[PDB]
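First, one chain by itself: the form deposited in one PDB entry, in structure tokens.
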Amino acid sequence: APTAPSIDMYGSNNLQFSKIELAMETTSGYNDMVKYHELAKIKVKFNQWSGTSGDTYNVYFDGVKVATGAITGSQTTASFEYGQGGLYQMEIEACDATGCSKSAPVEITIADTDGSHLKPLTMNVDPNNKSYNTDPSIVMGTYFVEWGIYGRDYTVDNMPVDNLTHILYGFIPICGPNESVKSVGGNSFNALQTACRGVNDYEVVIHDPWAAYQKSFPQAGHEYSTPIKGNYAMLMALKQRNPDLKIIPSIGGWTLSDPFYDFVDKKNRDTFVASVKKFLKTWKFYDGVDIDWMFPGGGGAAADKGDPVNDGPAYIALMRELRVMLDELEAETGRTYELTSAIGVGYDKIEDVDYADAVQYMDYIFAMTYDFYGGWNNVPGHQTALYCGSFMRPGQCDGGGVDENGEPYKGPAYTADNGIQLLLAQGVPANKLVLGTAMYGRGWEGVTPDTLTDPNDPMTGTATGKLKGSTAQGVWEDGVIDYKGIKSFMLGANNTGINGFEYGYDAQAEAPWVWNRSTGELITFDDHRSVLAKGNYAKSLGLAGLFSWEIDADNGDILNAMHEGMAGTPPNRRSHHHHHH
């Protein structure tokens, strides 16, 4: 028998290999920064200085032969390819006429984007998040935002993952027309231009590669030599901890929806769909795709865009085509992929799409049952209410009434129930609808008591402007505030109201508010009570479950209430009553 091979650690790259190459110290185009290989190139060097060397070498991973070849001299480099990520016990064997001798086992690491090479993520969750035994068939979704790792200081390990079934990652941009991005700030448009250099229009890219895969997180044990870092590596480790969790990339959103309006041309859909397939093959931890087109028919960030004739049909076609593509991935991998979308719930948004047609291809519709009222104007109202509030005029709820100027309402009022009922009215099944919960408030200032028609209901007042404040209090953009900020600075420990604010609740609407009479500051949000109501409502209607925007803004109260709401209606048996969904 020849001399047992001795592995040259330095010459074998310390046995660290990767199916993906990611630029860590530079920023350029997505295709320049990211290279994915179906087979990792393995290169291992071993030495046989003393004694004989032998004729043939064999390389084993956990006892299974993965490479073989001839031995020449005292030095042999074993170069081969391997397609499965993970950790393996590697042995190298040398053979001749007299027999074989094996090296001692040593661990080889082959990185892949499923996280197979990673240990389960260590969590650091706010203990205010309680423990629940909610049926795993019930959807409990939330959005994690890429940029939350900056000022918001909210990282993947902070997510109450055991209280979630779906994590939607916001947001994946589409290269092309993106003038709406300029409204964001922080040089975000420039970043997108850079990402899209070398990328064709209508293909997806990563907006912020630093946050996505470059940034070293010490809680995840990231190093210089770590082939994948950032949010993505942490999400990979999270999948190792929670294999049944669904992590889905969210494409678009409010300021990244511009390219969607060019999807009336099927060629652009084709380009997009192909890029998504490539994206899902490259980033294996993702379990499907979420489409947040805001909005088919118009009413989005770009005022000059929207086609009420063609957008809805295009949206439907997009879902059909994405489902075909996902079926291909399912055939190729044996995995199951989900197709979802977050949609507007105003009557004027819903009427622009035949969701009965679209939903046959989809797993879930995330109904954006929030942003009903807000700081964009000076009219108070419940931003995320289940039902029509006390402040509403006669016939406003159903839309058959008349406004202040004698002008008829053009459709039903913006409420969660009105939206859900319109979707059910189209023929969308309840069990594919997911009800939206707000982890944020919208707000005004200058709603002083003198402006109120009903002295005890600030929703009957008039504002002078948007809510202002500091990021310490959860105000990241004027008119919007983190739920945890509302709790810490307006509500206090038991909703007593602090710092000049008083707590109020509209039992008709199922909607809370805080109101400071002196400053006229008014905030509309979801609280424990309203979320309990939403949960009860979702269970009664047989909805798929609940989802939320955005997890970083919760202190645990909202997600807790989501679970407790789903904890606390039989088929129709008889006529002679109000038939209703």
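Numbers for residues come from their place in the sequence shown, where the first is 1.
What follows is about the form solved in complex with a small molecule, which we do not show.
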Work out which of the listed stretches, 444-452, 248-256, 306-314, 356-364, brings a heavy atom within 4.5 angstroms of the small molecule in the deposited bound form. 248-256
Answer option from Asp352, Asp371, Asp112, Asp262, heavy atom within 4.5 Å of the small molecule in the deposited bound form: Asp371
Heavy atom within 4.5 Å of the small molecule in the deposited bound form: which of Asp153, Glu477, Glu407, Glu330? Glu477
Hey, in the deposited bound form, is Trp376 touching the small molecule, heavy atoms inside 4.5 Å? yes
